[PDB]
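Note sheet for the following structure.
There are 2 protein chains.
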Amino acid sequence: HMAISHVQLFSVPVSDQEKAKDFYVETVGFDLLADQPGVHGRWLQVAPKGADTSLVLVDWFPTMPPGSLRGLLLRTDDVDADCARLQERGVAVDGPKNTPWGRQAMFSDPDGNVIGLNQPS
Amino acid sequence: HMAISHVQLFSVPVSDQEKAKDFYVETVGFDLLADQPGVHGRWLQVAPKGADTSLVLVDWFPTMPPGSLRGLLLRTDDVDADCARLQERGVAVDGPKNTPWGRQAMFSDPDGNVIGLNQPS
Ligand SMILES: COC(=O)/C=C(\C)[C@@]12O[C@]13c1cc(O)c4c(c1N[C@H]2C#C/C=C\C#C[C@H]3O)C(=O)c1ccccc1C4=O
Ligand SMILES: COC(=O)/C=C(\C)[C@@]12O[C@]13c1cc(O)c4c(c1N[C@H]2C#C/C=C\C#C[C@H]3O)C(=O)c1ccccc1C4=O
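See the structure below:
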């Protein structure tokens, strides 16, 4: 068996990092983990409070254009209240809808990356 | 404040899903969580054993061409041993090498998605 424990982090392609920081931290409610120099420029890292896996808001992978990400799903304990909060903050939300795999909604970040919310049935 | 607890899963763009399944499960040693019909085709879902955030090996999303993913970092308790295992199993590994954020290595999946390994200091 391998010694891998979990995904430490993955990357979300953004164009404007200040606008992405403000979206993920203020609108979506993530903690800011880091905002500091990195190897290809500004390293901006965010995550839900307490979570093992974080997100890096980067602009330096040509194969990942800003806004190209899909199929990112966030677990929430209250999808209905989260959707209402997003809507109050000016975000267009699709759903929530009951699905076979939980009650789910979708929304986009400022670049067009698509983010899902899922609350178990 | 938002009720989001963690990232449930994110998507990794692959072409041949059977090939991807065997690479992630047999070669990299991930647990197979699910392999069933999904909304837009075969749903194939893997994770390091016991991890909160999983990976979905999809060919659903035109904006994510197969093999385009970068900036994914897996946490491991023994990067040296994992690299030796990957090499034994017929995978090219770059590193491991010391960095400011831990001892890291990189390799690619059958489509060219780039996967990092990190053992913090
Ligand atoms: C070029 O080969 C790669 O694909 C390398 C990687 C995917 C990483 O080496 C890279 C990282 C660059 C950083 O600036 C990092 C880190 C890197 N690690 C790998 C990664 C990543 C996600 C985007 C990136 C990158 C690379 O420049 C990093 O792990 C950190 C961890 C904790 C705090 C800060 C950092 C960083 O600032
Ligand atoms: C930003 O992406 C989203 O908004 C994704 C969704 C709202 C998902 O509903 C989607 C899913 C489609 C499935 O086929 C799923 C599932 C979906 N849940 C969300 C997701 C995702 C990643 C790619 C996608 C998609 C959607 O069609 C799903 O959670 C499963 C859980 C356990 C076993 C099987 C499945 C599935 O087969």
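Residue numbers (the entry's author numbering), protein chains in the order written: chain B, 0 to 120; chain A, 0 to 120.
Idealized CB from N, CA, C, for every residue including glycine.
Taking B/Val6 as the reference, give the member of A/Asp15, A/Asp110, A/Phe29 with the closest Cα. Checking every option, the nearest Cα to that of B/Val6 belongs to A/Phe29.
Comparing the C-beta of A/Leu71 with each C-beta of chain B, is any distance below 7 Å? True, the Cβ-Cβ gap to chain B drops below 7 Å.
Whose Cβ in chain B lies nearer than 8 Å to the Cβ of A/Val57? Residues of chain B passing the Cβ test: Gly70.
With distances taken between CB atoms, is the gap from B/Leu85 to B/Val78 smaller than 7 Å? It is not a contact, given that the beta carbons lie outside the stated cut-off.
Ends of the beta strand (DSSP E) at A/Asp108? Here A/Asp108 belongs to no beta strand (DSSP E), and DSSP marks it neither H nor E.
Report yes or no: do three or more beta-carbon pairs, one from the stretch 13-27 of chain A and one from the stretch 51-70 of chain A, lie closer than 8 Å? Flag = yes, the stretch 13-27 of chain A and the stretch 51-70 of chain A touch.
Ligand 1 and B/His39: does any heavy atom of the ligand fall closer than 6 Å to the residue's C-beta? Because some heavy atom of ligand 1 lies under 6 Å away, the Cβ of B/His39 counts as near it: yes.
Taking 8 Å as the limit between beta carbons, can you name the residues of its chain near A/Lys18, skipping five residues before and five after? Once the five neighbours on either side are set aside, the close Cβ partners of A/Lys18 are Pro109.
Relative to the C-alpha of B/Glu25, which candidate in A/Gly40, A/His0, A/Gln103 has its C-alpha closest? The option with the nearest alpha carbon to B/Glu25 is A/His0.
In whole angstroms, what separates the C-alpha of B/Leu31 from that of A/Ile3? Near 15 Å, if we compare the C-alpha coordinates of A/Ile3 and B/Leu31.
What does B/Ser53 pair with, by DSSP beta-bridge criteria? The bridge partners DSSP lists for B/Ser53 are B/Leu8.
A/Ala2 CB to nearest chain B CB: under 7 Å? Yes - at least one Cβ of chain B is within 7 Å of the one on A/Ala2.
Nearest-angstrom Cα separation, counted from A/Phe9 out to B/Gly94: In a straight line, the C-alpha of B/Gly94 is about 19 Å away from that of A/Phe9.
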